[PDB]
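Visitor: Sharing a structure with you now.
Read-outs throughout are calculated quantities, based only on the coordinates presented, and are distinct from any laboratory measurement. Positions of Cβ are generated from backbone atoms using ideal geometry, with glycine treated the same way; all protein chains shown enter the neighbour counts.
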Amino acid sequence: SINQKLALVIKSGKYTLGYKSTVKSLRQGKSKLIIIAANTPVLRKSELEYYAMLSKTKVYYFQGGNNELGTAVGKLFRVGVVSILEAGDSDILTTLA
RNA sequence: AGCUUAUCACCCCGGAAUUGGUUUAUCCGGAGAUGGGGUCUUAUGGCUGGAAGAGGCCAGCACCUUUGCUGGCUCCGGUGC
């Protein structure tokens, strides 16, 4: 499912974690996608799409909290929002998601 | 009273697994650490003014007395379940 395609871009294309990075990354247009965990509060969430819509960047919502999102990416620690800098062999940018 | 001074807390850069900081007592970190640089409360503490002409310890003077003058030092530290 959506976990497998994340598990392939982890080493085929550069990416980033955290929140301050995602806000910084999309400023110059280097972000093609972001992922928002359901655990984050709406006010914290409401930033991302407003910055994303200014960059014409699609926003993908994640079914689950930040605890599980970090495991899906491949890091033992947890991540609230994930931004994809550029996809590799994966097709996360161009898919039903 | 002037200058100055701490934990805690917060801010800018930065980005983390070969996970790391860390209290006597294991909490914290992508809701962003460790690190580098700063801000803040001023309990407390330090120098200075108050204030050494104050207080204290000592030597001479002679006053049936009422009393005083001349004077010196009033300094530098250390440790602690």
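Visitor: What length, rounded to one decimal in nm, is gained on full extension from A:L96 through to A:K14, with 0.36 nm per residue of separation minus their alpha-carbon distance?
Guide: 27.4 nm
Visitor: Among the chymotrypsin sites (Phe, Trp or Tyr not before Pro) within the range A:1-80, which fall in a DSSP loop and have no more than 12 other Cβ atoms within 10 Å of their own Cβ?
Guide: Numbers: sites: A:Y15, A:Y19, A:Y50, A:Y51, A:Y60, A:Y61, A:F62, A:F77; in loops: A:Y19, A:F77.
Qualifying residues, ordered by number: A:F77.
Visitor: Please list, in order, the residues from the range A:1-40 whose amide nitrogen is less than 15 Å from a point placed 7 Å along the Cα→Cβ vector of A:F77.
Guide: A:16-22
Visitor: I want the local charge near A:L6. Using Cβ-Cβ distances under 12 Å, sum +1 for each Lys or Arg and -1 for each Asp or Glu among the other residues.
Guide: Once positives and negatives cancel, what remains is +1.
Visitor: Taking Cα centroids, how far is the range A:55-97 from the range A:15-51 in Å?
Guide: 10 Å
Visitor: Can you compute the helix-only [θ] at 222 nm over chain A? Use -39500 (n - 2.57) per DSSP H run of at least 4 residues, normalise by all residues, nearest 500 deg cm²/dmol.
Guide: -12000 deg cm²/dmol
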